[PDB]
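# Fold and geometry: a report
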Amino acid sequence: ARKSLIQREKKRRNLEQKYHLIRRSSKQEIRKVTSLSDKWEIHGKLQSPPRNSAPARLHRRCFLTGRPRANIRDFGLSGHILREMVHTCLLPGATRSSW
Amino acid sequence: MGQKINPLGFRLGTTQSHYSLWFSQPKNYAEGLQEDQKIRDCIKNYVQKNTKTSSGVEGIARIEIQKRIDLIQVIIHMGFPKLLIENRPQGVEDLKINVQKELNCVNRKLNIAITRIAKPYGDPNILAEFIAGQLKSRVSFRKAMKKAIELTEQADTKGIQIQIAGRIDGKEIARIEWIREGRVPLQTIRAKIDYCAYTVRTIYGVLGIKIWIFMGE
Amino acid sequence: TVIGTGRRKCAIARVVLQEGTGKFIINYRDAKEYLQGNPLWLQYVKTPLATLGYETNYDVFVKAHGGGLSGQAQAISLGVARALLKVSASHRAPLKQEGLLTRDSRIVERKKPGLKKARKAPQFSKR
Amino acid sequence: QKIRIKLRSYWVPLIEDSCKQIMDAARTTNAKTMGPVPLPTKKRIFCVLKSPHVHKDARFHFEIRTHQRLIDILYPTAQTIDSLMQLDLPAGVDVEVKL
Amino acid sequence: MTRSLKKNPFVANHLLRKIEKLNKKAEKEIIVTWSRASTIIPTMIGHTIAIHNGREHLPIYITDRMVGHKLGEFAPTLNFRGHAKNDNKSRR
Amino acid sequence: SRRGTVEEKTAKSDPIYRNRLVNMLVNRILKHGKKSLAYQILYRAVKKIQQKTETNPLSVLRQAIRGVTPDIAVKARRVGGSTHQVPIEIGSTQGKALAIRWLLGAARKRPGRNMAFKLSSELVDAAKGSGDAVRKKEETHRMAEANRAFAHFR
RNA sequence: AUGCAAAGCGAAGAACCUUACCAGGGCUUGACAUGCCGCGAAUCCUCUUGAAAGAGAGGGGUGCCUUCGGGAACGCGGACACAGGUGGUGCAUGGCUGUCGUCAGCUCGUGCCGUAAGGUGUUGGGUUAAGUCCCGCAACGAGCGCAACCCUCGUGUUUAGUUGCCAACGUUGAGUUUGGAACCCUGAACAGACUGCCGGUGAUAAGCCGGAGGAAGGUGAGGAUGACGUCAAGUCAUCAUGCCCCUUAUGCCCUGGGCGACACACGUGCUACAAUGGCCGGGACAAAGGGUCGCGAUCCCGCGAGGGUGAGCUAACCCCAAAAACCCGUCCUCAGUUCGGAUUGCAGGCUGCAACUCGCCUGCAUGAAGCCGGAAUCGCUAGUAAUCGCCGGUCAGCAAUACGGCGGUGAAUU
């Protein structure tokens, strides 16, 4: 929700299109279990570069405020503000439901 | 607090349409809300510097955004089109590039047209910026609320209701003010009542106005 | 040939009556083959034919889809009862007396939020 | 039969009037068209909490009705391509052209 | 006891490199470590590895009976019943 | 009573023998919504009873439950401050319903073999005078007629 | 957050991250915003030390315009305003919520009553879910609420038929093909219950009790919708904002730890004490939804989780599932058990830098507590209780035990 916390996660999004764009397929060939008995340790051992880099370290956050919890993949917003948008008229096909 | 249902949220299925009516695939749907909310925050305020200038003086009524592929409609309903368009063709020119610099990726050819309203005392969005604008200049509150009731009744309406929350005239304890005239059917769907919500600045606290204008049945 | 719909819960079963021997064929299988392992609710399928006396004269073909085994069995019973109205309009009075023309409007619907099993309210701590 | 078009939107009186226009303007060109046959709607139902704190009850419901309908043209003629490509009338509908 | 082991046991680069530099002619036992997600490799025999738990570094001995362990299960996370120094009691 | 009048709630009758009052015995022995196996508890107790008795299975069912059917039971009503143990006379609609509740419990509170023998044993034990089923008819008569003075005669 | 309106409650998902907390190692106009100046394009591959944050240097490389003075995009460093705060106060507040309540009341205009504050109408007699309605009555009318209008479900009808269906007719039996739109389904519209009709009760009213006709009646079932207001009840850790305070700092970065620590207590759930049950084999039907850094069949391999190869579906054409009770036969046959699975050892799979603390799942073995449970106490009247499966959201992963959503079977009593 803070401009210091959203920024810390925006720096985790910038290296996703640098390290995980092309050189991720370089380690994805040997981290998995191959059908053959010869599985190399050399690349799984020297796997030191992804310190701050990880695809699982990414949290979606709200696009208006920025809180880590209750994020829906379709909208991208959190349950408090996602509500304020549909209670007005800011999203098409977000009417009242029965069942 | 313990109020009734939102008349803009209850009447979403029929009569009153959305402020944004489009379609997108669930892959690029999240980017569709981000691009439509960033421009709605830049057109309602519309100030590059740290001043209290444009958009809030003319009064914005409704912002309808319609898109298919690479083109947005962004048609803004204004009360006075003298401030947004010209003083000599420079006003709409800096608004055409401001929305273009934010939204890129694909060739986003944005066309912005302008339409007028019959009378500014019929729509709820001008009333939320007019009565809340009287709180900024520190005028008598209960006299400004009773004037907002009559100014809409003379503009041919069947009912009107206005109410704020706490922190009136610099009081320590939070109270509530309510004045109503005519009939405002809060429950029914065949009433087509429009809503708006606006916030005030104030050095002592913060206020929040709610507008309820009943048109036809 | 005479048509007849007949519904129960979410089970639809189109009944088409014709004159013949008397073998009941449900979804390309026999009446004793589809509803196997001697279910008691198989007797309710043959009840609208029992009160009028048409089982030994009329043959039937029916396609059942949806619902349960007990839900499909009451869908045939209403389907034949509505189909025994088109062959003769005089066979309405002794058949409507039992309540076979009438549809059972009972449905196991939606589970309401805040509660577990629709009506079942969550128990709080006592004093 | 050959060219298949998919019309997807949210509100029903908008698509039924737009798909009816691709029937009246497609029959006067050359070949016959198969009428507007609607396929089942994919209706979603999900809940979210209203109050920003401890109030697990009073949870709402949001509906996103994706009304889909199909219409097929038999033979793709030169005068049918000059009509459908220029007739860009959708205000909130999306047309997907498949072969 | 069986954890998340496939083929790669996962031993940190700052763990083995500092031990292979000490396995030249065998010298020095005391070594500081922060990573507790690392696995014990058979060349750690005789070397006293001081592992972090949040509070301080605890000097633990490594033998031949401890191969498939993580060094983190050796260092206590919190204070329960086990081996610890008797703290000076103040006022009740 | 005046506002909203409901007579009774009834389902489909007895399988092939045709009876609506005997269909309440299959509905009370009903465990968690299994009417398919509840049929195998009543109809197998009808198949195994014909060797123990002579006459029809509908007759021995009615001639035995008359010794389990009560005439008067106690209800808790308060008036003036003290809780009175006033006995109200039970009719034929509630009396036939109370007879199958104590024959249900007596069958389950006897862990011998299967429920096909447990229900068949308590069916003939009501005719001679044995079991927990017939004991509850004489036990409710100990609570009643002893507090006869709290209720006046018709 | 904590009487009810706290207690799988906010976090629909905490191994790193998230996190805000602790310890340690570091930076300060400073991670992030604008403005001024200098060197400069910006970047890629970088090598060394170190836990990392970082710091020292290496080459490779330098687009677009101008009277080339200069600039935009961006970077390091420097100066100053500031930037920054999930720091305190929601008894300073906006917005939003629970709660009594879906209870049904809360008010007004005119006219009367009383000196007046106020009252009358919103009382009374009956009647309904309901100041709902009828009658009486200085009350006469009206407004908000109730109802209805909106969304699904239950009947039919009209229109249109693919990835749907398919009676009649030619069948590679698999709608499979031509073909047919009848039926099912599907998607928009239309018709219909309005006590309306008959009778009885009742004050020849209302309304209630039954009946007729009907798929459906007496607000059809069930949602949404919950007034004036009560608790200065909850939230300034969503956001916003007043005030106050910190501002080489309760600001910022990183590594490891913590939140899923314990002698205990309480709440809410799940799995059992069986045999209307368990187990083995065979075997009949569902609805509703999900999915392109995805759903993933077929085949091969492994006891298994799963892995290799890889088609199709961007989707009622493909996949996620082969739904479970139930059912036939057989076995057991009530001994803490061919009930129950807690716990434990050993050996693996999978997701991710990475999972010892902290994971899910598989395989093998071990296999207790427990025989329905005190005082006290909870929910539910129909397709509800009870019970049996499945799907979704969150999400790399914490798949039937949390929440949300779907259907199968199907009562009791008033």
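Residues numbered from 1 in each chain as written, not as in the entry; some residues may be left out. Chains lettered and ligands numbered in written order. Part of a larger assembly, values for the part shown. Heavy atoms only, no water.

Per the PDB record, the structure was determined using cryo-EM to 9.4 Å resolution.

Turning our attention to the interface of chain A and chain B. In this assembly, 18 residues from chain A lie in contact with 20 residues from chain B. Summed over both sides, the interface between chain A and chain B buries roughly 1,800 Å², with carbon and sulfur atoms accounting for 63% of that surface. Of all residues in chain A, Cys89(A), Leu90(A) and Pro92(A) give up the largest surface area on contact with chain B, accounting jointly for 33% of the area buried on that side. On inspection of chain A and its partner chain B, the count reaches zero salt bridges. Scanning the region where chain A abuts chain B turns up six residue pairs in polar contact. Secondary structure elements with two or more residues in the side of chain A that touches chain B: α3 (81-86) and β1 (95-96) of chain A. The residue inventory of the side of chain A that touches chain B, partitioned by class, reads 11 nonpolar, four polar and three charged. (Contact = heavy atoms within 4.5 Å. Buried area = accessible area lost by both parts, 1.4 Å probe. Salt bridge = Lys/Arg side-chain N within 4 Å of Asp/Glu carboxyl O. Polar contact = N/O pair within 3.5 Å; in protein donor to acceptor, adjacent residues only side chain to side chain. Helix = DSSP H or I, 4+ residues; strand = E, 2+ residues; numbered from the N terminus. Nonpolar A, V, L, I, M, F, W, Y, C, P; charged D, E, K, R; others polar.)

Turning next to the packing of aromatic side chains. Inspection of the entire model under this criterion finds nine aromatic pairs over all chains. Summarising the aromatic geometry, the rings of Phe46(D) and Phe62(D) are spaced 6.2 Å apart at their centres and angled 65 degrees between planes, so their arrangement reads as edge-to-face. Linking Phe46(D) in strand β3 (residues 42-46) with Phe62(D) in strand β4 (residues 62-73), this pair joins segments that are 16 residues apart in sequence. The ring of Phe10(B) carries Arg96(A) above its face, with NZ or CZ at 4.4 Å from the centroid. Note that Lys67(B) overlies the ring of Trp22(B), its terminal NZ or CZ placed 4.9 Å from the centroid. (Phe/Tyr/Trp six-rings, centres within 6.5 Å; stacked < 30°, edge-to-face > 60°. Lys NZ or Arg CZ within 6 Å of the ring centre and 35° of its normal.)

Turning next to the pattern of salt bridges. All names here are of chain D. Tallied over the entire structure, the rule returns 21 salt bridges over all chains. Note that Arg-69 is salt-bridged to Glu-16, the shortest N-O span being 3.6 Å. With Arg-69 in strand β4 and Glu-16 in helix α1 (residues 12-18), this pair connects stretches of sequence that are 53 residues apart. Residue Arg-69 is classed as buried on the basis of its relative accessible area of 8%. Given a relative accessible area of 46%, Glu-16 falls into the partly exposed group. Here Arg-65 and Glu-63 are joined by a salt bridge, their closest N and O atoms 2.8 Å apart. (Buried < 20%, exposed > 50% of the residue type's maximum accessible area, 1.4 Å probe, protein only.)

Inspection of helix α1 (residues 13-20) of chain E places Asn13(E), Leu15(E), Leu16(E) and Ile19(E) among the buried residues, and these make up the whole buried set. Viewed along the axis of α1(E), the buried residues span an arc of 160 degrees, placing them on a single side of the element. Close packing links the buried residues of α1(E) with α2 (42-45) of chain A together with β1 (31-33) of chain E. (Arc of directions from axis to C-beta.)

Taken together, the seven pairs of chains in contact show their highest number of contacts between chains A and B. Regarding chain C and chain E, the two do not touch, and the least distance separating their C-alpha atoms is 33 Å. Where chain A comes nearest to chain F, the C-alpha atoms are still 26 Å apart, and the two do not contact one another.

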